[PDB]
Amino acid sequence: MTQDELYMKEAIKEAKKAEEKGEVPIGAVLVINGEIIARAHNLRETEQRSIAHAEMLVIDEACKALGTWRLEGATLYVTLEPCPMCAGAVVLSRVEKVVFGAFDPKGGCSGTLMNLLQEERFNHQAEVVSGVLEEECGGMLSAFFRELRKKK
């Protein structure tokens, strides 16, 4: 397994902590110079905050852990293609690279509906690597929702 896949495995572990809590299993880690300086998972329903996406939590924890808004040199690993809110946060925090697992054909804005991470009219663009452990990351979401309907 490559370097990106290794770190996506830790984001996947985060995604499973969210499934444990009955959240959509989406996980994220933030890496600078080989160290995971923050990790987080979706908390939208446990905390009832529309903003508690895995990418926003890890970014805010990174900023707080580091005492800076500018996460220069950070790579964000997330199991799913960021939404526009999270893609915006990546741009605003100057994250250098985003690696995601599965594409989000419904709502992804780092390659599918649009690419807010590579918008040249913005003051920052991030490298984007897609499909890293795609089958595991996407299958996790499918099985979560399939298990959800089962509970009726």
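Residue positions are given as counts along the sequence shown, with the first one as 1.
Chemist: According to the deposited model, is the average Cα temperature factor higher in 104 to 112 or in 47 to 55?
Modeler: That would be 104 to 112.
Chemist: Can you tell me which third, lowest, middle or highest, the CA B-factor of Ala74 falls into for its chain?
Modeler: Its C-alpha B-factor belongs to the middle third of this chain's values.
Chemist: According to the PDB entry, is the CA B factor of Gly138 in the bottom, middle or top third of its chain, that is, lowest, middle or highest?
Modeler: Tercile = lowest for this residue's CA B-factor.
Chemist: Compared with the other modelled residues in the chain, in which third is the CA B-factor of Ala126?
Modeler: Answer is highest: the recorded C-alpha B-factor places it there.
Chemist: Test of reading the entry: by CA B factor among the chain's modelled residues, which third contains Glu14?
Modeler: For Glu14, the deposited C-alpha B-factor lands in the middle third.
Chemist: Please say which third, lowest, middle or highest, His41 falls into when its CA temperature factor is compared across its chain.
Modeler: As the PDB entry reports it, the C-alpha B-factor of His41 lands in the lowest third of its chain.
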